[PDB]
């Protein structure tokens, strides 16, 4: 997943 | 005169969404832990809090005229709660993937949600939260949606596909697509609220913030200075400044005429994720959410 945080 | 004072700051799990109530001195935070909190920042006491889910809640807004908050989470759901009682009003799967952003129409009973499913969806609360439209066209996660406050029949969507699309309600294709040249994507888009400039602003992991003329589609300026991903950049609705925040841990206040940095703040809560400004500029309040909590500041 990109932009998980 | 810029004179920044900390009005209230508290620690919590990572704040992903944040919003001001327009008539009560309250701020809503939505957390990566699935919790949401409403604080009175003047008395420094919680109004209400809810363990909504176990997944991150990335998006949350007050709908003040209905006494609601609306939130969207990584479990794919939009939920709406009455903030006076805590009662859940509606709970539905909105997209088959994360929800990044929610916007509320100032005048009509519409909400927009933007998602990792590559769409923006329009929901109508006077029609049983019916899905009234799906805006398709983006090619990566939709990170941010925002209505044009001077014409809320249109709204802008910011995308990891390096574009902003501006759409009209009731029309299936964008009015135009802005090729930002922000090659790592757009995390955020916001409109300048005053009638003298047709401006929008975008923020990117490529460390830049850009100002756009949406009539001509030109880039008016590029603001550099952050050292890590820029999570947001917005125009202040009353003061002649832009406010941005970054994974470098700083907020920056930029002069909105000269596009030069005026002030850089490390509030010491690690990475910054989200922003709100008080809708009527009461005490010129802004608030930002971070890895380690939130802060509410009076700018002067």
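Chains as they are written, first to last, in the entry's author numbering: chain C, 1 to 5; chain A, 2 to 301. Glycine is no exception: its CB is placed at the ideal position from the N, C-alpha and C atoms.
| request: Please check the pair residue 27 (chain A) and residue 48 (chain A), which I expect to be a contact at CB under 8 Å, by giving their CB distance rounded to whole angstroms. | output: Along the second chain, one-based indexing puts residue 27 (chain A) at 26. Along the second chain, one-based indexing puts residue 48 (chain A) at 47. Between residue 27 (chain A) and residue 48 (chain A) a beta carbon distance of about 6 Å is seen, short of the 8 Å cut, so the two are scored as contacting.
| query | When you check each C-beta in the stretch 141 to 162 of chain A against every C-beta of chain C, which residues fall closer than 9 Å? | reply | 141, 142, 144 and 161
| said: Checking the sheet assignment: what are the DSSP bridge partners for residue 40 (chain A)? | reply: In the second chain, counting from the first residue as 1, residue 40 (chain A) sits at position 39. A:28 and A:47, per the DSSP bridge assignment.
| task | At 3 residues or longer, and completely inside the stretch 70 to 139 of chain A: list those beta strand (DSSP E) runs for me, N to C. | result | 78 to 83, 89 to 94, 100 to 105, 111 to 116, 121 to 125 and 131 to 136
| message | Using the Cβ count rule (16 or more neighbours within 10 Å means buried), how would you classify residue 223 (chain A)? | response | Working through the second chain from its first residue, we reach residue 223 (chain A) at position 222. Taking all protein chains shown into account, residue 223 (chain A) has fewer than 16 neighbouring C-beta atoms within 10 Å of its C-beta and is therefore exposed.
| query | Does the beta-carbon distance from residue 146 (chain A) to residue 167 (chain A) come in below 7 Å? | reply | Here residue 146 (chain A) refers to the residue found at position 145 when the second chain is read from its first residue. Here residue 167 (chain A) refers to the residue found at position 166 when the second chain is read from its first residue. Cβ atoms of residue 146 (chain A) and residue 167 (chain A): not closer than 7 Å.
| query | Given that a residue counts as buried once 16 or more other Cβ atoms are within 10 Å of its Cβ, and exposed if not, what is residue 66 (chain A)? | reply | Translated into the one-based positions of the second chain, residue 66 (chain A) becomes position 65. Exposed, because fewer than 16 other Cβ atoms sit within 10 Å of the Cβ of residue 66 (chain A).
| Proximity winner among A:202, A:139, A:134 and A:163, relative to residue 172 (chain A) (alpha-carbon distances) | The count along the second chain starts at 1 and reaches residue 172 (chain A) at position 171. That would be A:134, whose Cα lies nearest to the Cα of residue 172 (chain A).
| message | Distance check for residue 273 (chain A) and residue 252 (chain A), CA to CA, integer angstroms please. | response | Here residue 252 (chain A) is taken as the residue at index 251 of the second chain, counted from 1. Here residue 273 (chain A) is taken as the residue at index 272 of the second chain, counted from 1. C-alpha separation (whole angstroms): 8 Å.
| request: Quick one: grab the DSSP three-state call for residue 15 (chain A). | output: Here residue 15 (chain A) corresponds to residue number 14 of the second chain, with the count starting at 1. Note: residue 15 (chain A) maps to coil in three-state DSSP.
| query | Can the beta-carbon of residue 196 (chain A) be found closer than 7 Å to that of residue 238 (chain A)? | reply | Taking the first residue of the second chain as position 1, residue 196 (chain A) is located at position 195. Taking the first residue of the second chain as position 1, residue 238 (chain A) is located at position 237. Cβ atoms of residue 196 (chain A) and residue 238 (chain A): not closer than 7 Å.
| task | Could you say which of A:12, A:13, A:80 and A:186 lies nearest to residue 158 (chain A) if we only look at CA atoms? | result | Here the question's residue 158 (chain A) lines up with position 157 in the second chain. Comparing Cα positions, the closest option is A:186.
| query | Nearest CA to the CA of residue 101 (chain A): which residue from A:128, A:19 and A:126? | reply | As a first step, residue 101 (chain A) must be located in the second chain, where it is residue number 100. Minimum Cα-Cα distance from residue 101 (chain A) among the listed residues A:128, A:19 and A:126 corresponds to A:19.
| field | Enclosing beta strand (DSSP E) for residue 65 (chain A) [first to last residue] | value | As a position in the second chain, residue 65 (chain A) is number 64, starting the count at 1. Annotation: residue 65 (chain A) is outside any beta strand (DSSP E) and is labelled neither H nor E by DSSP.
| field | Cβ neighbours of residue 285 (chain A) in the same chain (closer than 8 Å, five flanking residues each side left out) | value | Counting from 1 along the second chain, the entry for residue 285 (chain A) is found at position 284. Closer than 8 Å at Cβ, skipping near neighbours: 237, 239, 240, 279, 299, 300 and 301.
| Distance, residue 233 (chain A) Cα to residue 90 (chain A) Cα | Residue numbering aside, residue 90 (chain A) sits at position 89 when the second chain is read from its first letter. Residue numbering aside, residue 233 (chain A) sits at position 232 when the second chain is read from its first letter. Their Cα atoms are separated by approximately 30 Å.
| message | Please report the straight-line C-alpha distance between residue 76 (chain A) and residue 95 (chain A), rounded to a whole angstrom. | response | On the second chain, residue 76 (chain A) is found 75 positions in, with the first residue counted as 1. On the second chain, residue 95 (chain A) is found 94 positions in, with the first residue counted as 1. Those two C-alpha atoms are separated by around 10 Å.
| field | Euclidean distance between Cα positions of residue 33 (chain A) and residue 143 (chain A) | value | Numbered from 1 along the second chain, position 32 holds the residue referred to as residue 33 (chain A). Numbered from 1 along the second chain, position 142 holds the residue referred to as residue 143 (chain A). Rounded to the nearest whole angstrom, the C-alpha separation of residue 33 (chain A) and residue 143 (chain A) is 18 Å.
| query | On the three-state DSSP scale, how would you describe residue 285 (chain A)? | reply | Counted from its first residue, the second chain places residue 285 (chain A) at position 284. Helix.
| message | DSSP three-state label for residue 192 (chain A), please. | response | What you label residue 192 (chain A) is simply residue 191 of the second chain in a count that begins at 1. Strand at residue 192 (chain A).
| message | Please classify residue 211 (chain A) as buried or exposed, where buried requires at least 16 other C-beta atoms within 10 Å of its C-beta. | response | Numbered from 1 along the second chain, position 210 holds the residue referred to as residue 211 (chain A). Label assigned to residue 211 (chain A): buried.
| Inter-residue Cα distance where the pair is residue 199 (chain A) and residue 114 (chain A) | Position 198 of the second chain, counting from 1, holds the residue named residue 199 (chain A). Position 113 of the second chain, counting from 1, holds the residue named residue 114 (chain A). Roughly 24 Å separates the two Cα atoms.
| message | Is the beta carbon of residue 51 (chain A) closer than 7 Å to that of residue 62 (chain A)? | response | For the purposes of this step, residue 62 (chain A) is identified with residue 61 of the second chain, where counting begins at 1. For the purposes of this step, residue 51 (chain A) is identified with residue 50 of the second chain, where counting begins at 1. In this structure, residue 62 (chain A) keeps its C-beta atom at 7 Å or more from the C-beta atom of residue 51 (chain A).
| field | Beta-carbon proximity check, residue 262 (chain A) vs residue 290 (chain A), cutoff 7 Å | value | The residue you call residue 262 (chain A) lines up with position 261 of the second chain. The residue you call residue 290 (chain A) lines up with position 289 of the second chain. Going by C-beta atoms, residue 262 (chain A) is not nearer than 7 Å to residue 290 (chain A).
| Continuous beta strand (DSSP E) stretch holding residue 214 (chain A): start and end | The residue given as residue 214 (chain A) occupies position 213 in the second chain. Its beta strand (DSSP E) spans residues 210 to 214.
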